[PDB]
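As structure tokens, one chain now follows by itself in the form deposited in one PDB entry.
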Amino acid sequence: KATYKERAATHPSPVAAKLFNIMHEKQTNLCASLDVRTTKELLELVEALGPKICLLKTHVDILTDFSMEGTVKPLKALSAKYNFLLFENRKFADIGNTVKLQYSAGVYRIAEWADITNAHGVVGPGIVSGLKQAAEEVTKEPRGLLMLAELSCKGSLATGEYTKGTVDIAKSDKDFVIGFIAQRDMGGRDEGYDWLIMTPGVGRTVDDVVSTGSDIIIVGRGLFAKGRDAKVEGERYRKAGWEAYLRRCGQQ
């Protein structure tokens, strides 16, 4: 693969290019997944991890005190201050106005602040076209979508055929679909696609996933639970991910 700096210069999606540049400049491919109960805990952790991450994965559906003024506003300020993007957990899985409104409206109004979101490909390309239209109608700011190509939960049905079907859906819009949540490389380079591979469940080891083609490591509890110091863990994982990245062979 090309370096993050190089991919930032050629990628067709503005959000992807912005992400690749952040990764290059901050020497980090670390995404912090913070699934906490209160806005207070969330803001505290984001403050500590901000300098070490390229992306923050939020989980607004489990927050007990979510609000545009108390949560999104300070979150947007942090994103700006420390330079990292926002990725909301909500796994969209519908089409038409229903999915458009689940992404754009309601109390959460996700499309108004989340740079990146993800969707299940099972419902077909309609989820891609629907979310794309909703994003355009809500903001002029860059928005991108990841397809949930490979799940990690017990008994998941994201088989080889399902993943293949998901990759095919992704090919329908290289401008909006920037990549996948997956455990391995999804190819695509020979066809003119440059997909971001974000991999959760990392603690598999960093060296392992990065060596297999992961562009971003998604780490959750391993960064802040069990009395851990998030600042320290943020640096430990960033270093491990960056060094793993420097080691893998680039496209020459």
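Numbers follow the displayed sequence, beginning with 1.
Asker: Which class describes the count of deposited residues lacking coordinates between residue 203 and residue 204: none, 1 to 3, 4 to 9, or 10 or more?
Answerer: Gap between residue 203 and residue 204: 10 or more residues without coordinates.
Asker: What stretch has the higher average Cα B-factor here, 20-28 or 224-232?
Answerer: Taking the mean C-alpha B-factor of 20-28 and of 224-232, the larger value falls to 224-232.
Asker: With reference to the PDB entry, specify whether the mean Cα temperature factor is higher for 153-161 or for 174-182.
Answerer: Per the deposited B-factors, the answer is 153-161.
Asker: For the listed 76, 143, 90, 120, which has the peak Cα B-factor recorded in the PDB entry?
Answerer: 76 has the highest C-alpha B-factor of those listed.
Asker: Going by what the PDB entry lists, where does residue 94 fall on CA B-factor within its chain: lowest, middle or highest third?
Answerer: Its C-alpha B-factor belongs to the lowest third of this chain's values.
Asker: Among all modelled residues of this chain, ranked by Cα B factor, put residue 37 in the bottom, middle or top third, i.e. lowest, middle or highest.
Answerer: Residue 37: CA B-factor falls in the middle third of its chain.
Asker: Consider only the C-alpha atoms of the modelled residues in this chain, order them by B-factor as the entry records it, and name the third containing residue 187: lowest, middle or highest.
Answerer: Its C-alpha B-factor, which the entry lists for residue 187, ranks in the highest third among residues of this chain.
Asker: Within this chain's modelled residues, let me know which third the CA B factor of residue 111 belongs to: lowest, middle or highest.
Answerer: As the PDB entry reports it, the C-alpha B-factor of residue 111 lands in the lowest third of its chain.
Asker: Split into thirds by Cα B-factor across the chain's modelled residues, where does residue 102 land: lowest, middle or highest?
Answerer: It belongs to the lowest third of the chain when residues are ordered by C-alpha B-factor.
Another form, the form deposited with a small molecule bound, is not on view; read the next lines as being about it.
Asker: Exactly one stretch in 219-227, 205-213, 45-53, 187-195 has heavy atoms within 4.5 Å of the small molecule in the deposited complex; which is it?
Answerer: Looking at the other structure, the answer is 219-227.
Asker: Looking in the deposited complex, any heavy atom of residue 89 within 4.5 Å of the small molecule?
Answerer: Yes - in the deposited complex, heavy atoms of residue 89 and the small molecule come within 4.5 Å of each other.
Asker: Taking heavy atoms and a 4.5 Å cut-off, does residue 59 contact the small molecule in the deposited complex?
Answerer: Heavy-atom contact with the small molecule at 4.5 Å: present for residue 59.
Asker: Answer for residue 139 alone: is it within 4.5 Å of the small molecule in the deposited complex, judged on heavy atom distances?
Answerer: Contact with the small molecule, no.
Asker: With a cut-off of 4.5 Å between heavy atoms, is residue 33 one of the residues that contacts the small molecule in the deposited complex?
Answerer: Yes - in the deposited complex, heavy atoms of residue 33 and the small molecule come within 4.5 Å of each other.
Asker: Just one of 133, 172, 83, 152 has a heavy atom within 4.5 Å of the small molecule in the deposited complex. Which one?
Answerer: None of the other options qualify; the answer is 152.
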